[PDB]
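[1] Following this: a sequence and the matching experimental structure.
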Amino acid sequence: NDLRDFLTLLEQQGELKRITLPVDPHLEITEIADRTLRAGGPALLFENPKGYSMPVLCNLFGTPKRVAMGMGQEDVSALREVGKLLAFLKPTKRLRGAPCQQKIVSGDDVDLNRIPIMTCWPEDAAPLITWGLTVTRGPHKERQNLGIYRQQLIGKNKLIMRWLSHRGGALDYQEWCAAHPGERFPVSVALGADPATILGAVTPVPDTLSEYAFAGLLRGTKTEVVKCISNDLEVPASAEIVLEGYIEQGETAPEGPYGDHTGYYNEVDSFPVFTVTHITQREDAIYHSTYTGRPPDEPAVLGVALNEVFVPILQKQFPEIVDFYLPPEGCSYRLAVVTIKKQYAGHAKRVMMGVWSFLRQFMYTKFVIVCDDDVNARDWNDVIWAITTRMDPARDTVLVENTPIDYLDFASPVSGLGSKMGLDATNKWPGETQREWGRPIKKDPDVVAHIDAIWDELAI
Amino acid sequence: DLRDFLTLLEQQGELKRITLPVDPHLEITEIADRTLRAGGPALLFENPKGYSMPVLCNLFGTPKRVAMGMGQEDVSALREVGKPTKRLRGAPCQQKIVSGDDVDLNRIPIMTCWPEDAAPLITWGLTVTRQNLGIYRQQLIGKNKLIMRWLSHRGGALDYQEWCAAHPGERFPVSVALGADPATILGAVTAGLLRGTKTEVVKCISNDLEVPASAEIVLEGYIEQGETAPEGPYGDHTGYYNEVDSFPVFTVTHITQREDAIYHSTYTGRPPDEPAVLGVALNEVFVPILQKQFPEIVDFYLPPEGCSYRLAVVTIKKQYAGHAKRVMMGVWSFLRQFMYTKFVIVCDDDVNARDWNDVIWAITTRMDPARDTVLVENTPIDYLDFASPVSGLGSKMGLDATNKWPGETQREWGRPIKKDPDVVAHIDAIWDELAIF
């Protein structure tokens, strides 16, 4: 039901390790988690962080298996069904009491320095909160947005709220300033909610229902919430820790530099300040954290699982698509491989244009490789094979200039604007070539199946 | 010798004996393909369906095992190559003999590699014809007939062409050796002293040609002048079937073998395969020749998955704006072996050329595709590459994935995240006691 249930389950299955040695939240936890993630190991619970009593949980979603379990299922394949659900969509139980409100502190007594907030990389400006569910409401509307923004520590009761312009929290704030000049903007942040509510924030959800409602569908049951002490926002009742407060209009601060998911430092830049009035927590509270850096990291593993959700949405629109994959090594979204059952000359070009335009998540995707269905999109041995035996580079490469690009991608010529490349690695049909194309080597499916059957008894 | 080599590999967990019945028709290839693709061991099939002779394959399926076969622990010593034989009288390879009507090639577990291959095919024969050594594929067309597929430029074909001109009508003597010791096998690539001590050989029973004494099996015979046959189709190292074509016939008069002989085999197909892994190890010879001409080059690698020569990754210590372009042009013009290389990626020295995780990282964080991609049209291409628009002629692509300097960009380029060496060392020290697994 809640996060602790999830952790005891993981522990029985050898998917959680408790660590009793002293480990510093300054740089050391990150190093340990990075080595662990890179070898597919368990989630980690640091019971003795140097200089703090609250234990630190991280690497929670570091294998795609653990992502699936957090949505109820046993294997990664079942994410495709959550996909069909999302296509289909064009409730919440309020409690009076709640574990997340067992211990309270406010006003002058707020001291964020009692929490083991991590510092991830050697040149990061300061400790940084990374797994907060930020809850906001706009002025014209009842819907509550949930968002995951990084928050730098600048004082005993001050954090910076780094939301980028396009995201729901930033839009709610921008409207609030316009509709209520001068008024404090109410905000709350929840740390350590249950896995379904966490995974629901991460997933894109059409406006026809709320974010808490979706998470209720992944979980058998309705999402339980509780009203905040100092505002009318609703937060998950079993949260381990909750921060309540406001944004004072026109108060801002320099943020960063911080290491990012691309493997480089973002340079310094201004964002609004979040003043914390209340810290509420559970009785033996656990602090939930993570880090971004050179891929693969936990976010990148989440993004791989989350791309299985989208395969079906794509297929419904383009039934020619057999598989669709974004390697984590390409910073999760910058490169895609697509395999199709080709039906006509030029077909690959319509598929490129589809990837670059149908879903917003792929709007900034710089490289797209298209292949036939005799290629396993998830294996570089096949993908390189196809590129080097089915392309003439000048004939089969598509370039498009002056297209939208992430403003923090320093590799484009001007901020926000750059080019894209599609590679048509499909077999060329008459009209596309005047040569006799080669007949590929196909395996015998009967021999393949016989070897699957004796594979274990061969014991190699 | 070969058996010494195999017992060494076995004690180091680099050889699996397999006792289950398995067919040389298609099944061995499937098993070897899966094992190679996961970096597993060499394989010795002790019980091949319908044969007594065991089948050895995937011998050189990791570059480590190539190194061990040349004596040492690293492939490094090939970079120094970058910068006479002993005749025995008597030999294990001649312990058992068969000739004339008794020659029956169907007693040998010759593999059929892919479903539409014309027939069983011999793939690791050392063909002997000064003596030239060559590795030519040989299709089985009868009890004592094989097709000898050598293309015109190669040493065996040239010897034969001269023989027909100098001795009209005379039978051409030929021999083929299977399962020689690892050094003579690796030796190739236009005599090789990887071993350092001289190679041991033995005269053939029915001709004056010399073959390795520690061969498991030897075929002796001749080419009857003007006798030819349709060959193939066969699956090849590109991953496609080559179409049918005519080549000379090799009549086998004698089969000589060792007692308890082992049949050494392999397969070519969609890369990577064993030949491709050999070609990667063997390319290390050229790194030094490139470096002497372009000392900026730190590494230079051609993945097997690109059919051994069609794609190259190069890492450099960049010294000026535009530097990557000169290096591209160098790869495409300095050595003839890289004349047909279609794709070239250039990266900085913080990248391991041999790891796709690094190479994709660089491409997706240091390139604007239109600015940084170089296309050149109407350049020389292999005439058998059906993907070019016209036979013998096609385009090439260079990708400049280096960090961009002032002039190449007007933006603030990213500072990469470096780790704290003191934190790394402390975690090495407590790693075992942390006990995560």
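    Perfect, thanks for sending it. Residues are numbered from 1 along each chain as shown, chains lettered A, B, ... in the order given.
[2] For chain A, which segments count as helices?
    Ranges of helices in chain A, per DSSP state H, are A:3-12, A:28-38, A:64-70, A:79-88, A:168-179, A:195-202, A:211-218, A:298-317, A:347-355, A:380-390, A:393-396, A:445-458.
[3] close to chain B, is the last one?
    Translated: helix A:445-458. Yes. Helix A:445-458 reaches chain B (CB under 8 Å from any CB of the partner chain) through A:447-448, A:450-451, A:454, A:457-458. C-beta coordinates here come from the backbone N, C-alpha and C atoms, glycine included.
[4] Same question for the first one.
    No. Legend: contact between helix A:3-12 and chain B by CB under 8 Å from any CB is lacking; minimum distance shown is 13.8 Å.
[5] Okay, strands next: where are they in the stretch 51-200 of chain A?
    A:56-58, A:93-95, A:103-106, A:128-129, A:133-137, A:144-147, A:151-155, A:158-160, A:185-191 (DSSP state E, counting those that start in this stretch).
[6] Repeat that for the stretch 201-350 of chain A.
    Going by DSSP E, counting those that start in this stretch, the stretch 201-350 of chain A shows strands at A:224-227, A:234-236, A:241-255, A:258-259, A:265-266, A:269-281, A:287-288, A:321-325, A:335-340.
[7] what about residue A:220, neighbour count?
    Residue A:220 has 9 neighbours, counted by other CB atoms under 10 Å in any protein chain shown.
[8] Look up phi and psi at it.
    phi -50, psi -30 (degrees, to the nearest 10).
[9] For it, which residues are in contact?
    For residue A:220, the contact set (CB atoms under 8 Å, 6 or more residues apart in numbering or on different chains) comprises residue A:72.
[10] Quick check, the residue in the stretch 201-350 of chain A closest to chain B?
    residue A:264 (3.4 Å; CB to the nearest CB).
[11] With adjacent residues omitted, what lies nearest to that residue?
    Closest residue to residue A:264 apart from its sequence neighbours, by CB to CB, 6 or more residues apart in numbering or on different chains: residue B:414 at 3.4 Å.
[12] Look at residue A:112 and say how many residues are nearby.
    Residue A:112 - counted by other CB under 10 Å - has 18 other residues nearby.
[13] May I ask you to confirm that residue A:42 is in contact with residue A:13?
    No. If you go by CB atoms under 8 Å, residue A:42 and residue A:13 don't touch, sitting 9.3 Å apart.
[14] Neighbour count: the two, which is higher?
    Between residue A:42 and residue A:13, residue A:42 has the larger neighbour count (other CB under 10 Å), namely 20 against 11.
[15] What's the local residue count around the residue of the stretch 101-250 of chain A found nearest chain B?
    Minimum separation of the stretch 101-250 of chain A from chain B (CB to the nearest CB) falls at residue A:122, amounting to 4.6 Å. Neighbours of residue A:122 under the rule other CB under 10 Å: 16.
[16] so it touches residue A:30, yeah?
    No. The criterion here is CB under 8 Å, and residue A:122 misses it with residue A:30 at 9.9 Å.
[17] got the strands of the stretch 51-200 of chain A as JSON lines, with mean neighbour count columns?
    Formatted as JSON lines, the strands of the stretch 51-200 of chain A follow (neighbours: other CB atoms under 10 Å in any protein chain shown):
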{"stretch": "strand A:56-58", "mean neighbour count": "24"}
{"stretch": "strand A:93-95", "mean neighbour count": "12"}
{"stretch": "strand A:103-106", "mean neighbour count": "14"}
{"stretch": "strand A:128-129", "mean neighbour count": "24"}
{"stretch": "strand A:133-137", "mean neighbour count": "23"}
{"stretch": "strand A:144-147", "mean neighbour count": "21"}
{"stretch": "strand A:151-155", "mean neighbour count": "19"}
{"stretch": "strand A:158-160", "mean neighbour count": "23"}
{"stretch": "strand A:185-191", "mean neighbour count": "25"}
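[18] Could you give me the PyMOL selection string for whichever of the residues of helix A:445-458 next to chain B are buried?
    Selection of buried members from the residues of helix A:445-458 next to chain B for PyMOL, criterion 16 or more other CB atoms under 10 Å in any protein chain shown:
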select buried, chain A and resi 447+450+451+458
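[19] from memory residue A:271 sits against residue A:162, does it?
    Yes. Under the criterion of CB under 8 Å, residue A:271 makes contact with residue A:162 at 4.8 Å.
[20] so what sits against both of the two?
    Common contacts of residue A:271 and residue A:162 (CB under 8 Å, 6+ apart): residue A:255.
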